[PDB]
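# Results of the structural survey
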Amino acid sequence: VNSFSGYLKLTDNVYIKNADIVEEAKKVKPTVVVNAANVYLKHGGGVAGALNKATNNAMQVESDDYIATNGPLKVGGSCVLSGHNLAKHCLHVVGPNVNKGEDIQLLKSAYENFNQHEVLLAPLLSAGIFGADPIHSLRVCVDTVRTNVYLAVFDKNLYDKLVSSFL
Ligand SMILES: Cc1c(C)n(Cc2ccccc2)c2ncnc(N)c12
Ligand SMILES: [Cl-]
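Residues numbered from 1 in each chain as written, not as in the entry; some residues may be left out. Chains lettered and ligands numbered in written order. Heavy atoms only, no water.

As summarised from the PDB record, the model derives from X-ray crystallography at a stated resolution of 1.0200 Å.

Under the annotation held in the PDB entry, the chain carries the name Non-structural protein 3 and is attributed to Severe acute respiratory syndrome coronavirus 2. For this entry, the PDB title field holds "PanDDA analysis group deposition -- Crystal structure of SARS-CoV-2 NSP3 macrodomain in complex with AVI-0000321".

See below:
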């Protein structure tokens, strides 16, 4: 039993809700919140900009030190950093950005990072400003993630389409 509330159950391990991931994280304080990161951990917009804003830019400060030490992530890769005031940990995961021409096949590799954590609060990878089809992202999530994932979908209209079209 965990404290996530109001989710629709899609499969044995995947749950979904129309919610603002920032507000969900502030309420639940999950062990892991997933950020929709880019390889430079520049948290300018989309989910990343919103999460970073909620940390009063502490996420960006920590991320800049991470990059200065380690260099950029790989597309499809991840790193674990602090969750600041939102969660114990933040798993920064880089899905492919279609608006940069990146290979959508890398979306499966991106979701594989979730399997290193027993329970996660997450957005749909590569959705939103990353330009992928969210219906496809949900399909890849369900077919790749085996650990318990709670998906927050900001847009109510999109949430309804994801549920109604879910096979
Ligand atoms: C700011 C923000 C963004 C861009 N997205 C991704 C997204 C948005 C619209 C359609 C699809 C995906 C979020 N997802 C969850 N919570 C959030 N606060 C956000
Ligand atoms: Cl985004």
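We are not done yet, so read on.
## Here's the deal with the packing of aromatic side chains
All told, the structure shown has 5 aromatic pairs when counted by the stated rule. For the ring pair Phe 4 and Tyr 7, a centre distance of 5.7 Å and an interplane angle of 85° mean the geometry is edge-to-face. By the burial criterion, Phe 4 is buried, and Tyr 7 matches it. Summarising the aromatic geometry, the rings of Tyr 7 and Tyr 150 are spaced 5.1 Å apart at their centres and angled 90° between planes, so their arrangement reads as edge-to-face. Here the residue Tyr 7 occupies a position in the segment before β1 (8-9), and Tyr 150 occupies one in strand β7 (residues 148-153), the gap between them amounting to 143 residues. For the pair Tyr 7 and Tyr 150, a shared accessibility class is recorded, and that class is buried. What links up through ring pairs into an aromatic cluster is the set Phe 4, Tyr 7, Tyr 15 and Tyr 150. (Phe/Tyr/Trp six-rings, centres within 6.5 Å; stacked < 30°, edge-to-face > 60°. Buried < 20%, exposed > 50% of the residue type's maximum accessible area, 1.4 Å probe, protein only. Helix = DSSP H or I, 4+ residues; strand = E, 2+ residues; numbered from the N terminus.)

## Concerning the site of ligand 1
The immediate surroundings of ligand 1 are formed by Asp 20, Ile 21, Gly 46, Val 47, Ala 127, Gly 128, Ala 152, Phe 154 and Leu 158. Within the side chain of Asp 20, one N or O atom sits 3.0 Å away from a nitrogen atom of ligand 1. Measuring from a nitrogen atom of ligand 1, one finds a backbone N or O atom of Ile 21 at 3.3 Å. Coverage of ligand 1 by the protein amounts to 77% of the 430 Å² it exposes when considered alone. (Near = heavy atom within 4 Å. Polar contact = N/O pair within 3.5 Å; in protein donor to acceptor, adjacent residues only side chain to side chain. Areas by Shrake-Rupley, 256 points an atom, 1.4 Å probe, with all protein chains shown as cover.)

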